[PDB]
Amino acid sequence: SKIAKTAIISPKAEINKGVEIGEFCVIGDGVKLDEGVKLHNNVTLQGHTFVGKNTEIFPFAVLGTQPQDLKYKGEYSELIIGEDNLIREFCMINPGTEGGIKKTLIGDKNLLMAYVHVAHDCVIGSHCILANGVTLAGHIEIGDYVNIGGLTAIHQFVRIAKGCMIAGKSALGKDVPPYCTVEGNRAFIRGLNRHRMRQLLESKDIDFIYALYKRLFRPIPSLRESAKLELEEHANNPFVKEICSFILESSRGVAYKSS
């Protein structure tokens, strides 16, 4: 519950109770820090940025500066961060753009290791882990319980569904359906995130999913056609709905499988 005297804090910023601010932090006039937020020394918060309860941010992280994108034109956008997040040293996160969704959103209980960059208009859920140097291009969507290995680059508009695991040093240019593990320069699906499914899903449903994907990724009928048929033959099945609707909504297309 201490605010360093050396910290520069705009009188227009809103700092709730219990907030800790380390030495030399720089806080702009559009920042909001909810209860229990802890900023180590030298954190830079600019733009219209909201930082949720109990989130902790380490030294030299930069949040809220304008997107790097050239299309940006001093637009009115926001950066919204959830609760119980851990944001490490040298992270750089920008707010959204008018051409995107006018915001960059991050949920709860996530860990963004050092040197992680989150570009404008990205959406990250909860319980995610982005390792050292992960680089997210613009307009990316990441579901809950997603792990992305260090030094991985995700291209613009890519969508990663819930429970996915992406190996380090990968370059992902396509969407990844729920509970899949990805790896490779031009990343592709190598199987299912068994370890994740085992903690969130029941055995019976895990088997169903394997079967589902095996049928979905058959070569003959296109993925799209198999997905639509899957929704018909199983109008009542949460997993089919979650997986198939994700697939049919894909813009960049779904990543390569193995069959």
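When you see a residue number, it is the position in the sequence shown, counting from 1.
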| query | finding |
| --- | --- |
| Of 107-115 and 175-183, the stretch whose C-alpha atoms average the higher B-factor in the entry | 175-183 |
| Higher-scoring stretch by recorded Cα B factor average, 68-76 or 124-132 | 68-76 |
| Given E242, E23, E20, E14, the residue at which the Cα B factor reaches its maximum | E242 |
| Highest recorded Cα temperature factor - choice among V37, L223, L201, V43 | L201 |
| Third of the chain's Cα B-factor distribution that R196 belongs to, per the entry | highest |
| Record-listed C-alpha B factor of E232: chain third | highest |
| Third of the chain's Cα B-factor distribution that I8 belongs to, per the entry | lowest |
| Within-chain third of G47 by Cα B-factor, per the entry | middle |
| Where the record places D205 (Cα B-factor, split into thirds across the chain) | highest |
